[PDB]
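What follows is one chain in structure tokens, specifically the form deposited in one PDB entry.
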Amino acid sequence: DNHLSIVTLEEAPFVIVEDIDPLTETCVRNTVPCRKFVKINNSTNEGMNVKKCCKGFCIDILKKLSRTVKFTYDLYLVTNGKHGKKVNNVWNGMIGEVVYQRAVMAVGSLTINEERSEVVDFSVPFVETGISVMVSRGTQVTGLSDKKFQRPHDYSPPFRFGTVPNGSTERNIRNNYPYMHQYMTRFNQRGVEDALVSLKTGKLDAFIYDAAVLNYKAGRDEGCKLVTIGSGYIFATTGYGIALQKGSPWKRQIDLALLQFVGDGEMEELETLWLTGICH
């Protein structure tokens, strides 16, 4: 068939989830239908698929691939985890939906890394990302190898920095910098908006996270007081890709379509439309 199950995850501006208009029960404008499984209560696992609408940069990518590669789709939001983590040797999140064949492809702010590429096939990257470091203007740090991060108890008071756990950023820090990682779990942040609030009010000195999201947040920080270090510098450069099952037949035609959007200027215009900010 060419009707595909596709999974995504909310993360502005890549994927933004909205309520459907109640009278019409239709998604209009630049949005597309998506469903999210929502539990009735905490005692059992009975639940309802709620009809929502989805928009954003990755959704515009999905709409373009659907026309060019010639498929239709049932988009749903992942509810078992987030982007993807191997937990007790079992992948959850969007990666897990693809590994375990509930989804033919995962679309969103999904970072390409080595361990995920052993269990899924990724498209070419369609947006550059990596790891950036956000601080309040004036906070001085050189990069991920700053001694303040690498050996934090060499300093008094110790530098306060954290990430949002369970994604590719935390996985990367765990693999390369064991002391830094175990130190920073004290400052784990539930999500990006918690972390920005913690920075602006001096409860946190630095927030380490996906470069594409941080550079977007910096570009519309109110007051332009939050900045990424090194003028938007990206460590461990990679990209977001579409995840497909190993050996998927869609991979070649998705890759070529994404590269065609690059060569026709369409990727440039989508970045300008969704990822521009006022601050600089």
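We call the rigid core whatever largest set of C-alpha positions still superposes within 1.5 Å between the two forms. Residue numbers run from 1 along the displayed sequence.
*Asks:* Of the other entries that cover residues on both sides, do at least a third skip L23?
*Replies:* It is, since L23 is left out of at least a third of the other entries that model both flanking stretches.
*Asks:* Highest mean C-alpha temperature factor of the two stretches 194 to 202 and 116 to 124, which is it?
*Replies:* Here the higher of the two C-alpha B-factor means belongs to 194 to 202.
*Asks:* Should the higher mean CA B-factor in the entry be assigned to 234 to 242 or to 41 to 49?
*Replies:* Averaged over C-alpha atoms, the B-factors run higher in 41 to 49.
*Asks:* Kindly indicate the residue among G143, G167, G130, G162 with the greatest C-alpha B-factor in the PDB record.
*Replies:* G143 has the highest C-alpha B-factor of those listed.
*Asks:* Quick one: classify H153 as lowest, middle or highest third of the chain based on its Cα B-factor.
*Replies:* Highest third - that is where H153 ends up once the chain's C-alpha B-factors are sorted.
*Asks:* Split into thirds by Cα B-factor across the chain's modelled residues, where does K147 land: lowest, middle or highest?
*Replies:* Top third by C-alpha B-factor.
*Asks:* Among the modelled residues of its chain, does the C-alpha B-factor of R137 lie in the lowest, middle or highest third?
*Replies:* Highest third.
*Asks:* With respect to C-alpha B-factor, does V32 fall in the lowest, middle or highest third of the chain as deposited?
*Replies:* As the PDB entry reports it, the C-alpha B-factor of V32 lands in the middle third of its chain.
*Asks:* State the tercile, meaning the lowest, middle or highest third, of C224 with respect to the CA B-factors recorded for its chain.
*Replies:* Highest third - that is where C224 ends up once the chain's C-alpha B-factors are sorted.
Only in words, not in the display: the form deposited in another entry, which the text now covers.
*Asks:* Core superposed first: is there a CA shift of 2 Å or greater at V124 between the shown form and the other one?
*Replies:* The answer is no; the displacement is under 2 Å.
*Asks:* Please determine whether the C-alpha atom of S168 is displaced by 2 Å or more between the shown form and the other one following superposition on the rigid core.
*Replies:* For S168, whose C-alpha is compared between the shown form and the other one after core superposition, the shift is 2 Å or more.
*Asks:* Between the shown chain and the other structure, the Cα gap of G191 to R35 differs by 3 Å or more. Is it closer or farther in the other entry?
*Replies:* Compared with the form shown here, the C-alpha atoms of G191 and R35 sit farther apart in the other entry, by 3 Å or more.
*Asks:* Would one find the Cα atoms of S43 and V90 closer or farther in the other entry than in this form, where their distance changes by 3 Å or more?
*Replies:* Pair moves closer in the other entry.
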